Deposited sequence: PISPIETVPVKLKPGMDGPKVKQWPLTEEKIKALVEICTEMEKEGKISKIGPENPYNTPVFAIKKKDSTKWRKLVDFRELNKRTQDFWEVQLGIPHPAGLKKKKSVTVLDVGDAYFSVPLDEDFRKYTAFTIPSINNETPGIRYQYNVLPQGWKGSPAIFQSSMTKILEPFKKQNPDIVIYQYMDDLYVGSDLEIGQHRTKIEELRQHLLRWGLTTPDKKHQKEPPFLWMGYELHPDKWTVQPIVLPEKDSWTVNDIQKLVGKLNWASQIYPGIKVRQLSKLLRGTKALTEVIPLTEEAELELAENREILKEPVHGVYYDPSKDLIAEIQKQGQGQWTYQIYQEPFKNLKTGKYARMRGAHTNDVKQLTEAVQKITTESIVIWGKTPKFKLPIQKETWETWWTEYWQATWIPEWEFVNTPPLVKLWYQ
């Protein structure tokens, strides 16, 4: 009911980002939504004296046919002054279950600072560039802007105060328009409790981190080894020696002496067996000197393994993985690589939000033009991370399979 003064970082002008083309159905959906929001006073039309712009598109979230308006506030978010902070709940990842709730509507009840509104300008584009587009700006806290959860934090604490006083065993976290609620109850009790919290919020996504663990490097167990099996084993161990110091391969490479056929069975000498067992024992231990630094970026790498299987690693320093995983879920994307990749990026970003409270920068195994052409067709989250594109096939792919 009272506006808080908001400004930009010193020396930085407002965002001026090109609007990308939208299909006719998304444009119509945005016209409907924005007409309603203008009736409700959430947005207002602007004139040509506003040169700023932020891209906008439309999506359809899970289990819903209603269109939703998504704004890409990435540029504005990095150009908005730093708001201050709350330490990340380190116990949220340790909890048995976590449920994600969309609390973005509440933000619309708090007015936005006057002089800042011009920086939230967005454009509904026209087909074939017949007009310069329908231009709007926000009057309330917009969804997707990093200042909205920071400004609403006091109100959110006031609303969640009775529930947090009632259940001290439930962990509550907030990121952008999302509220993460972690507990250890049963799925039914968790759902009834989630309905209790949603009706508690009204009058004012099953996720199980306990079923997630870090993935170690495993070596094959065979009774007969071919030259090719041993060559791949030596390659994988040589790669793993960059992570684990004491990995030794000379006794296994000793067997590869001579120009033998790749499919020729080679028996393991005793020294080779002992070396392989020592390597297994080394690989069973965690990585030496692996820590998180809140001042550094998080890097996520994704490898396509085929048959709907994907691998990923989150790290900050090379060979110092903070998280590793394998997403093989199949959900209406059996014939579409890009949809699978986009769902994988959303899941990895969600996990990273739960663990560290911020999003990682992805290295996507896809051409820039394909990804930028199709990723908004399968996006369902309210946030958007940063990404880059790897054009050279990494050799380590099969070493994560």
What gaps appear when the modelled C-alpha atoms are mapped onto the deposited sequence?
1 to 4, 89 to 92, 213 to 231
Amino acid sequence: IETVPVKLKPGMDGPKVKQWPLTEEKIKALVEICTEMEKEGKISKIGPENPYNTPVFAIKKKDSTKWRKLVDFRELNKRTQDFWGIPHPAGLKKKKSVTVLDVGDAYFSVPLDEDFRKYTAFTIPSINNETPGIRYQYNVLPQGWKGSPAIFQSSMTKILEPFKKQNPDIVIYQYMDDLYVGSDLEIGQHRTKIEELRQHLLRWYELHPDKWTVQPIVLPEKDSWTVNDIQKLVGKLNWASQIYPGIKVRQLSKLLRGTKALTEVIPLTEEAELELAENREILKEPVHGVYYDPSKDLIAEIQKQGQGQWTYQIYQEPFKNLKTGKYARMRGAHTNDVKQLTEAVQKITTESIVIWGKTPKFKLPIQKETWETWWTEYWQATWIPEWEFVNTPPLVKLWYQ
From here on, numbers count along this sequence of modelled residues.
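In this text, the rigid core denotes the largest set of C-alpha atoms whose superposition between the two forms falls within 1.5 Å.
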Core-aligned, which moves more in 6 other deposited structures of this protein: 347 to 355 or 56 to 64, by CA RMS?
56 to 64
100 to 108 or 189 to 197, the stretch lying farther from the shown form in 6 other deposited structures of this protein by root mean square CA distance over structures and residues, after core fitting, is 189 to 197
Look over 225 to 233 and 125 to 133 in the entry and identify the one with the greater average Cα temperature factor.
125 to 133
9 to 17 or 381 to 389, whichever carries the higher mean Cα B-factor:
9 to 17
Between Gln316, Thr311, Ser97, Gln242, let me know which has the highest C-alpha B-factor in the entry?
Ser97
Say you rank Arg329, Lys248, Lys326, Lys320 by Cα B-factor from the PDB entry; which sits at the top?
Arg329
Taking only the Cα B-factors deposited for this chain, tell me whether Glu75 sits in the lowest, middle or highest third.
middle
Chain thirds by Cα B factor, record data; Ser44 belongs to the middle
Sort the modelled residues of this chain by their C-alpha B factor and say whether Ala344 lands in the lowest, middle or highest third.
lowest
Check where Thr370 lands among this chain's C-alpha B-factors and tell me if it's the lowest, middle or highest third.
lowest
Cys34 - which third its CA temperature factor falls in, relative to the rest of the chain
middle
